[PDB]
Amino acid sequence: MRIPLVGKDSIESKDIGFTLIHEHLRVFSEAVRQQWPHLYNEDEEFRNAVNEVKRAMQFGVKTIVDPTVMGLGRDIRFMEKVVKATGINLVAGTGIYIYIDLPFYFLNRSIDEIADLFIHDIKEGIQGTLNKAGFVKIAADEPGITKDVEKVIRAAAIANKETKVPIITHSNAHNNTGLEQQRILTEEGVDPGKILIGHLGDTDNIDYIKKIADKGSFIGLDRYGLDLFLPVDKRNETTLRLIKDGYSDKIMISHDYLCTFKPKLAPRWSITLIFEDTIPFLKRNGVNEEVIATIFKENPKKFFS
């Protein structure tokens, strides 16, 4: 009745339950895979995604939000297959993931034309299916807010205003891209509480994280396990600090795990690391179950309502 799900009837936000807000079943570069299909093994990809998702569900995860969009190899049919094999609630999105320029398709195309693509996926369905997009994903990274990155951001704001679906972002935690995304969306009329600024858990700069939260958006502590960006124990210290300072109303936690899509870079990276390490860490440091529920149930409910 409000949040579309891959391969199922849409649900009211009250039924989302325990959510992993940012996880990927599979990512790839569309052009590479179309051109050199011998590099990929779909059977293996499917088997690893299904296993990872089953494991999450054994810890009580009900819904996964998967922000694989254009540029990351969104495949709605693969997603459907995983949903049939697992029973997971899966929220698919629309959007564009670029760091510099858009594909040449977009040359002399307006922001509204871009937004029309997102709205098509939200109102009509994704890739020829009746599976509808539940959110818009956008990105910026080390190159910053380029001209084309900015067009995409503005297009996301149009789609949100027209359809009410929330916006998930990718940012670089160390160069202000997050704060800029929030600002441009917000200036374009997006409710700050319909934005999740992503990858803030990549830094232990608490003042920058709070800045974005205090402007009204969710803060993505969303790469647990990617030690190369920030080690688990430092993420844990940051999370705990934010909870202790009263920020659990804006915290969202996830792994950004690539289910099929490393001893030094990400030794215990998986879709269940927060059950194995983070949540027990927090509980040992005095965080109650009510806070856990706020982060993994209440916050996603608010984001999608």
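Sequential numbering from 1, following the sequence displayed.
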{"item": "Chain break class at residue 261/residue 262 - deposited residues not modelled", "value": "4 to 9"}
{"item": "Stretch with the greater mean C-alpha B-factor as recorded in the entry, comparing 88-96 against 198-206", "value": "198-206"}
{"item": "Between 25-33 and 238-246 (mean CA B-factor, as deposited), the higher", "value": "238-246"}
{"item": "Identity of residue with top Cα B-factor, from 268, 62, 54, 255", "value": "268"}
{"item": "Per the PDB entry, maximal CA B factor within 160, 186, 172, 169", "value": "186"}
{"item": "Chain-relative CA temperature factor third for residue 122", "value": "middle"}
{"item": "Residue 288 - which third its CA temperature factor falls in, relative to the rest of the chain", "value": "highest"}
{"item": "CA B-factor ranking of residue 147, expressed as a third of its chain", "value": "highest"}
{"item": "Third of the chain's Cα B-factor distribution that residue 77 belongs to, per the entry", "value": "middle"}
{"item": "Within-chain third of residue 177 by Cα B-factor, per the entry", "value": "middle"}
